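Residue-level structural notes
The residues making up each chain are set out below.
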Amino acid sequence: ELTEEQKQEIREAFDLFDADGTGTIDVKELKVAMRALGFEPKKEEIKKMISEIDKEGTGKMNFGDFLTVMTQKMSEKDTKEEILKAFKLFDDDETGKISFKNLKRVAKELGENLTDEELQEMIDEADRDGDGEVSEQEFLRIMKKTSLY
Amino acid sequence: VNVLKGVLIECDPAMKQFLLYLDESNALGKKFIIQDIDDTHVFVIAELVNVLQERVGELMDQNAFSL
Amino acid sequence: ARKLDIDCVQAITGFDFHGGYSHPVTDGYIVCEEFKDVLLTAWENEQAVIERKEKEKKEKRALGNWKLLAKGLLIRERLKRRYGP
Amino acid sequence: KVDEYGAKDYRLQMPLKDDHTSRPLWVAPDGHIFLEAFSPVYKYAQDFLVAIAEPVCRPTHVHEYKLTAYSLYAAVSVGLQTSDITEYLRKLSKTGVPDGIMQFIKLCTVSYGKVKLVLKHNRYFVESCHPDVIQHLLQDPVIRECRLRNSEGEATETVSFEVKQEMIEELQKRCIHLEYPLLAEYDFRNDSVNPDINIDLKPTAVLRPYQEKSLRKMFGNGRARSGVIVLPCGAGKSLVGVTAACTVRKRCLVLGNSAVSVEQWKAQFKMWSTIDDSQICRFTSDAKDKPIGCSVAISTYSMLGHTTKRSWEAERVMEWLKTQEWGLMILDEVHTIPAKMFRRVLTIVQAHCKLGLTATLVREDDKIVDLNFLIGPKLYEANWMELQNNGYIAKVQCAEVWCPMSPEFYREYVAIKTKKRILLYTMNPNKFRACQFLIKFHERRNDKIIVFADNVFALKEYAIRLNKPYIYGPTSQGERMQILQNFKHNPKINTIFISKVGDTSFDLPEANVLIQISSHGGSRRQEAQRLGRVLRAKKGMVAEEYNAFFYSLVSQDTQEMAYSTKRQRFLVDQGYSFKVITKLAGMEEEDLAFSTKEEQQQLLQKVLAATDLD
Ligand SMILES: [Ca+2]
Ligand SMILES: [Ca+2]
């Protein structure tokens, strides 16, 4: 089970870019196609997904590929929303970052007995820019490379 | 006023949670668990209660042994 | 030295009586000078791997701790969504 | 013929005779035999049926035994012929004996005692007085591959022949297919190749009547014969093994599950056998003794079954064992043998007499029929209720305590369909409160409390919350022994949590209260064995019918119910009853853990934190 009414939206979006009824849409029309159904990809992600869909260099994909890509993007988008909610749970002070104090407080909330050195090690390990904490982008990255979700 | 006529069922709260699970998972199909009334009572439609009784009986059959 | 198939003998330099019996005291390994330089560079490189072998093993643990940590909150979060007032 | 009610109409084939009260036996043509314990002739019929029939059910009044070809061969090995057995059955059968049953006995008895296997000079010879059957056996290609041949590929020539040692087990399965079971007869007194051992029985050793009876059944015509003997835990099984070893007085090898069992056996032999300690050696990975001069050896299956490279000394020990000819070998917990690695040990070791002792034989993998040829037919199995009446064993008081599941737990119990569902019902807060109340009750009663929990996490959680010692996976041996000795003597410690390791990995100090929380999933033999091992006869409460107390905490409406019912199948077959108790008086008065709801909610959080990975 994936979607029942959102699949109609994807079909209609495919038909909007397939008014001539050729069965496929241009890959260059995928950028607007994501915008029509609510997706707002970045240019680097657009290039990355064009590389995956168009490994053969055809430039056109059938409805199956478009539907699969749209479902994957929807899943990633709701996953990012849930990760943002989890960060806000971490971000009790609304600072946008999970500092060492925030991590310690939220860990003591669960009653966990993780050592403070381990806490700062976790902060540094998931820290990428070296600011001393973990950012929203870095938290998204650590969730993507997490064990599962 | 809008007052409904159905069937009242009284059982253990574990069975209440079982019925909640059935409604949420829609194992019965359509959402026939219209409204809960008490921690030990529920109010359903008599149309599908018979089949619901079958599913309840199947569960306790699973938690048993055949000789 | 075993990896490089070079003769390697522990240098017995003393003897300790601890534990109620005299026990050998070893001071490194005596290896032929000709292979010595060849033996040294690998060993450091060997260590250069092993320490990294340690580091990854730590990180592989620490990553799991994140999975151990956040998920523990998630259910604690999820429970708050299912019994919260 | 089958009636419409499902009962098989046996009236036509069972002509009743007017000797009703005098004759206590019913002989159904299905092979099942029924005996009335209230009959004045119960004892004689009981003794007769023990040798000839395999027990099935031994409740208070009506006992059911079964007839198998293995039972008939065991009876023949005892020395009973067809005519006397048939006459005794007729004098005891209420109705006429079916001819098909008679024909089945006729077919089995004639083929018994035909093929004999003898081990001499590390060579196995198959011999018979009838070369016609011997020549017929030469036809089987499996036998042809099994029969020892020359290094040139040519088969070798009262006529016998050597047999390949590594092909013995497959031949044994073929013998049943050939309907000619092997005869495991040992020259108890006629042996000259293996010298005797200066080992005797100390006067402190006393043989109980059933023990002596089982030994006499084993030693048919004064000759030791391989077989399987079932003794309840705490019935001096080790004493029986030491007695048999002293009787044979030849080279004796014993196999145990763990080094703790090895030490128990060594202490038993020091306690009863007169053999010098210098001739006693343990082939253990930690305590090593030279195989030279080791008149009696005690080892473990893993040491002999260590397929991977072993220590160089272990190589020498194995070589000495292979060179050594074993007149006698002793195997413990025979139900473990059907495993392939432990079965290979039998091929590895060249032994004449192999006797297996255990408390149970109901393998959930039903790998017992082939076990009849790995060792032999079941020689004896005592009546547990009879030993209860005789006072040899404590009369166990068994209870099944139903703990309703918390609805939040129950909703999650329904939610999970995977193996993670085990933690849901094994961590019931209501079950926790019931356990706490029972522990308080028995501590106020000043009883030894043993809490059995298969799940490691559940056991540790319960022990930590209740502040009691816990035993789990690693269980460093020094700490384990320290805790055990504290439990035996220190009055402050009377509640011990033991994980699955408590079954056979070590001896359990005698207790009176055994509470089982976690189940393997239906191990009707393992948990019954552990229960029998836990509870033993206690002085002071001998007069009372309930001197031992066992309670099983079962989560209601869970899959644990089916597991408990399947598990207690064997114990019910043993005549043990289980009373169901739902309401525990006194819990409301006492204050116990998780009194408030959020405490149980917090426990649910903790358990759910342990996801499917844990
Ligand atoms: Ca924060
Ligand atoms: Ca950052």
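Overview of the structure.

How each quantity is defined
Residues numbered from 1 in each chain as written, not as in the entry; some residues may be left out. Chains lettered and ligands numbered in written order. Part of a larger assembly, values for the part shown. Heavy atoms only, no water. Residues with missing side-chain atoms left out of burial classes, pairs and counts. Helix = DSSP H or I, 4+ residues; strand = E, 2+ residues; numbered from the N terminus. Rg over C-alpha atoms; globule rule 2.2 N^0.38 Å. Buried < 20%, exposed > 50% of the residue type's maximum accessible area, 1.4 Å probe, protein only. Areas by Shrake-Rupley, 256 points an atom, 1.4 Å probe, with all protein chains shown as cover. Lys, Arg positive; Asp, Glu negative; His and termini not counted. Charge placed at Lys NZ, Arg CZ, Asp CG, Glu CD. Core = buried A, V, L, I, M, F, W, Y, C linked by side-chain atoms within 4.5 Å. Contact = heavy atoms within 4.5 Å. Axes fitted to C-alpha atoms, helices over the stretch in contact; angles between N-to-C directions. Parallel < 35°, antiparallel > 145°, perpendicular 65-115°, else oblique. Left-handed = near helix turned anticlockwise from the far one by under 90°. Donors = N, O, S within 2.8 Å, 3.2 Å for Na, K, Ca; no water. Expected span 1.5 Å × (residues − 1). Arc of directions from axis to C-beta. Salt bridge = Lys/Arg side-chain N within 4 Å of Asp/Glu carboxyl O. Pairing = 2+ DSSP bridges. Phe/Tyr/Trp six-rings, centres within 6.5 Å; stacked < 30°, edge-to-face > 60°. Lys NZ or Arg CZ within 6 Å of the ring centre and 35° of its normal. Buried area = accessible area lost by both parts, 1.4 Å probe. Polar contact = N/O pair within 3.5 Å; in protein donor to acceptor, adjacent residues only side chain to side chain. Nonpolar A, V, L, I, M, F, W, Y, C, P; charged D, E, K, R; others polar.

Helix and strand counts for chain D come out as 23 helices and 22 strands. Taking 614 residues into account, the globule formula puts the C-alpha radius of gyration at 25 Å, and chain D, at 27 Å, falls close to it. Summarising its shape, the C-alpha atoms of chain D cover approximately 85 × 70 × 50 Å along the three principal directions. Counting every position in chain D, which comprises 614 residues, the buried fraction comes to 53%. With an accessible surface of roughly 29,200 Å², chain D has 52% of that area assigned to carbon and sulfur atoms. Separation of charge centres in chain D, based on 83 positive and 73 negative side chains, amounts to 2 Å.

Here we come to the overall build of chain B. Assigned secondary structure in chain B consists of 2 helices and 3 strands. Start at the N end of chain B and walk to the C end: the helices and strands fall as β-α-β-β-α. Principal axes of the C-alpha set define a box for chain B whose edges measure 55 × 25 × 20 Å. Across the 67 residues that make up chain B, the buried fraction comes to 33%.

Now for the nonpolar core. All names here are of chain D. Counting 67 residues, the largest nonpolar core has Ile-229, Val-396, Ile-450 and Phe-550 as its most contacted members. No other element matches the 7 residues that helix α9 (residues 237–248) contributes to this core. Beyond its immediate chain neighbours, meaning those up to four positions away, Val-396 contacts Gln-388, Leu-531, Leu-535, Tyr-546, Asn-547, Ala-548, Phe-550 and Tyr-576. With 36 residues, the next largest nonpolar core counts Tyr-462, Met-541, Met-587 and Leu-592 among its residues.

What follows covers the packing of helix α1 (residues 6–16) of chain A against helix α4 (residues 63–90) of chain A. Residues and elements named next belong to chain A. α4 packs onto α1 with a crossing angle of 130 degrees between their chain directions and a minimal axis gap of 10 Å. By the criterion of interaxial angle, the relationship of α1 to α4 is oblique. Two packed elements cross with a definite hand, and for α1 against α4 that hand is right-handed. Residues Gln-6, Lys-7, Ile-10, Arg-11, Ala-13 and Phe-14 of α1 pack against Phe-63, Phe-66, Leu-67, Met-70 and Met-74 of α4.

Here the calcium ion (ligand 1) is held by the protein donor atoms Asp-91 of chain A (OD), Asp-93 of chain A (OD), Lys-97 of chain A (O), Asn-102 of chain A (OD1) and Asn-102 of chain A (ND2), which lie 2.5 to 3.0 Å from it. Here the donor residues of the calcium ion (ligand 1) are spaced in sequence according to D-x1-D-x3-K-x4-N.

Glancing now at helix α23 (residues 597–609) of chain D. Counted at 1.5 Å a residue, the expected span for α23 of chain D with its 13 residues is 18 Å, and the 18 Å between its end C-alpha atoms agrees. Buried within α23 of chain D we find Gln-600, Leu-603, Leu-604, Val-607 and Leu-608 of chain D. Angular distribution of buried residues about the axis of α23 of chain D spans 135 degrees; they occupy a single face of the element. Those residues of α23 of chain D that are buried are in contact with α1 (33–83) of chain C together with α16 (407–415), α17 (421–426), α18 (429–444) and α19 (456–466) of chain D.

Moving on, we get to helix α1 (residues 13–25) of chain B. Relative to the 18 Å expected for 13 residues at 1.5 Å per residue, α1 of chain B spans 18 Å between its end C-alpha atoms, a close match to the ideal helical length. Turning to α1 of chain B, its buried residues number three or more, namely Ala-14, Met-15, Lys-16, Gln-17, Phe-18, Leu-19, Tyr-21, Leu-22 and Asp-23 of chain B. If you follow the buried residues of α1 of chain B, they end up packed against β2 (35–36), β3 (41–44) and α2 (46–62) of chain B together with α16 of chain D.

What follows is about the interface of chain A and chain C. Listed per partner, the contact involves 21 residues of chain A and 14 residues of chain C. Listed by contribution, the elements that provide at least two residues to the side of chain A that touches chain C are α4, α5 (100–110), α6 (116–125) and α7 (136–144) of chain A.

This part covers the arrangement of the chains. There are 3 pairs of chains in contact here, and the one with the most contacts is chains A and C. Left apart from each other, chain A and chain B have a closest C-alpha approach of 13 Å. Contact between chain A and chain D is absent, and the least distance between their C-alpha atoms amounts to 9 Å.

Along the chain, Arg-433 of chain D turns up in helix α18. For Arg-433 of chain D, which is buried and forms no salt bridge, the nearest opposite charge comes from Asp-591 of chain D, at a distance of 4.2 Å.

All names here are of chain D. The residue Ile-471 is located in strand β18 (residues 470–471) in this model. According to the relative accessible area criterion, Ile-471 is buried, its value standing at 2%. Between the C-alpha atom of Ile-471 and that of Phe-452, which follows or precedes it by 19 residues, the distance is 9.7 Å. The contact partners of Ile-471, leaving out residues within four places of it in the chain, are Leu-459, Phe-497, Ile-498, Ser-499, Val-501 and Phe-506.

A separate point is the pairing of strand β9 (residues 227–230) of chain D. All names here are of chain D. Taking every second residue as pointing to the same face, both faces of β9 are buried, with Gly-227 and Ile-229 on one and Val-228 and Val-230 on the other. The pairing of β9 with strand β14 (residues 351–358) spans 4 bridges and is parallel. Looking at the pairing, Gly-227 lines up with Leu-355 of β14. Bridge analysis of β9 against strand β15 (residues 378–381) gives 3 bridges, and the strand direction is parallel. Counted as the bridge partner of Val-228 is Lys-378 from β15.

Right, let's get into the pairing of strand β6 (residues 123–127) of chain D. Residue and element names in this part refer to chain D. The sheet contact formed by strand β5 (residues 115–120) and β6 spans 5 bridges and is antiparallel. Note on β6: the bridge partner recorded for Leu-119 is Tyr-124. From the end of β5 to the start of β6, which pair antiparallel, there are 2 residues, and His-121 there has a positive phi angle of about 55 degrees. Pairing between β6 and strand β7 (residues 162–163): 2 bridges, direction antiparallel. Considered in β7, the bridge of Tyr-124 is made with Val-163.

This brings us to the packing of aromatic side chains. Per the counting criterion, the structure on display carries 19 aromatic pairs over all chains. Summarising the aromatic geometry, the rings of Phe-14 of chain A and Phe-66 of chain A are spaced 5.7 Å apart at their centres and angled 70 degrees between planes, so their arrangement reads as edge-to-face. With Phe-14 of chain A in helix α1 and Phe-66 of chain A in helix α4, the pair connects residues that are 52 residues apart, well separated along the chain. In this structure, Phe-14 of chain A and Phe-66 of chain A share a single accessibility class: buried. Ring geometry for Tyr-470 of chain D against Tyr-472 of chain D: centres 6.3 Å apart, planes inclined by 35 degrees, an arrangement best described as tilted. On the basis of relative accessible area, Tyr-472 of chain D is assigned to the buried category, the value being 17%. By the ring-pair criterion, three or more aromatic residues cluster together here, those being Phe-87, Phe-90 and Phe-139 of chain A together with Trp-66 of chain C. A cation over a ring is seen here: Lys-460 of chain D above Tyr-472 of chain D, with NZ or CZ 3.8 Å from the ring centre.

Let us now look at the sheet that holds strand β1 (residues 25–27) of chain D. All names here are of chain D. Here 4 strands make up an open sheet; going across it, the order is β1-β2-β4-β3 and the pairing antiparallel. A single partner strand is all that each edge strand has here, and the edge strands are β1 and β3 (54–57). Averaged over all neighbouring strand pairs, the angle between strand axes comes to 30 degrees, with direction disregarded. Across 3 bridges, β3 lies against strand β4 (residues 62–66) in antiparallel orientation. For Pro-55, the partnering residue across the bridge sits in β4 and is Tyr-65. Against the sheet, helix α1 (residues 42–52) makes contact with β1, β2 (32–36), β3 and β4, and its axis sits at roughly 160 degrees relative to β2, the strand it touches most.

So, on to the interface of chain C and chain D. Opposite the 5 residues of chain C that make contact, chain D presents 9 residues. In terms of surface lost to chain D, no three residues of chain C exceed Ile-75, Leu-79 and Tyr-83 of chain C, which account for 75% of the buried area on that side. Our count for the chain C to chain D interface comes out at 0 salt bridges. In this assembly, chain C and chain D are joined by 1 residue pair in polar contact. Here the side of chain C that touches chain D is built from residues that sort into 3 nonpolar, no polar and 2 charged.

Residue and element names in this part refer to chain D. Phi angles above zero are rare outside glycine, and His-121 is one such case at about 55 degrees. Within the fold, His-121 resides in the loop between β5 and β6. Its relative accessible area of 53% is what places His-121 among the exposed residues. For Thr-475, which is not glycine, the phi dihedral falls at a positive 45 degrees. Inspection of the secondary structure puts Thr-475 in the loop between β18 and α20 (477–489). For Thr-475, a relative accessible area of 2% gives the class buried.

Coordinates in, geometry out; function isn't part of it.
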